[PDB]
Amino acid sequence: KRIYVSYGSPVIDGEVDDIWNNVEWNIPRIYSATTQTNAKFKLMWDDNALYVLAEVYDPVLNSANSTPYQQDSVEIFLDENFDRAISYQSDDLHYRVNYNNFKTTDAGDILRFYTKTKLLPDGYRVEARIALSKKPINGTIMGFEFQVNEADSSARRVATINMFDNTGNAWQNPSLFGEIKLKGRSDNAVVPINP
């Protein structure tokens, strides 16, 4: 399916900007197994970047396993050109950040990825920025996926939550991503002061 992404430019600090309250939560509902972990995320875009705000409810946080996706973490996938290829092209991105703000890339330049996390009672928040290589405009469509990895006290992933892919293959197959469509940038972006 498709998420419509509003235009805006948040501050990366792990805190919920005022402007994020003007955008809607996406609730990923594709669970690998039953768990009391759940998550939500908001998206926003500006001329230079896509922004993700994710909150995860997860009573046990673990990142003792040295394999990244075996820690409590979120993963963001982007098919920037909207090629929808079946394997990863040089513009396809797959990033991961754990609840301590440790970042990994499975695909794409990690210098494009900038994140903050915050520990919450019973969970964590991730606020992320991905620098875009193509100037986005109203109507731009990209492929996108969001995933949560749940780990437990044994230091292993026990479940995943996905927005769009129910097959376990987004890490190999961009055609499995959903779509985001960018809207809402005023054309006349010329703004006199007015105190």
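One-based numbering along the sequence shown.
Note: missing coordinates for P195 occur in none of the other compared entries bracketing this position, so the one-third threshold is not reached. The stretch 184 to 192 shows the higher mean C-alpha B-factor when 184 to 192 is compared against 1 to 9 in the entry. Averaged over Cα atoms, the B-factor as recorded in the entry is higher for 133 to 141 than for the other of 133 to 141 and 146 to 154.
Based on the entry's C-alpha B-factors, the most elevated value among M163, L50, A54, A33 belongs to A33.
Ranking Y88, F113, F102, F77 by the C-alpha B-factor listed in the PDB entry places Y88 at the top.
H94: CA B factor in the middle third of modelled residues in this chain (values from the PDB entry). Annotation for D58: CA B-factor lies in the highest third of the chain's modelled residues.
In the PDB entry, a CA B factor belonging to the highest third of its chain's modelled residues is recorded for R29.
In the deposited entry, the Cα temperature factor of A170 places it in the middle third of its chain's modelled residues. In this PDB entry, the Cα temperature factor of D72 sits in the bottom third of its chain's modelled residues, the lowest group.
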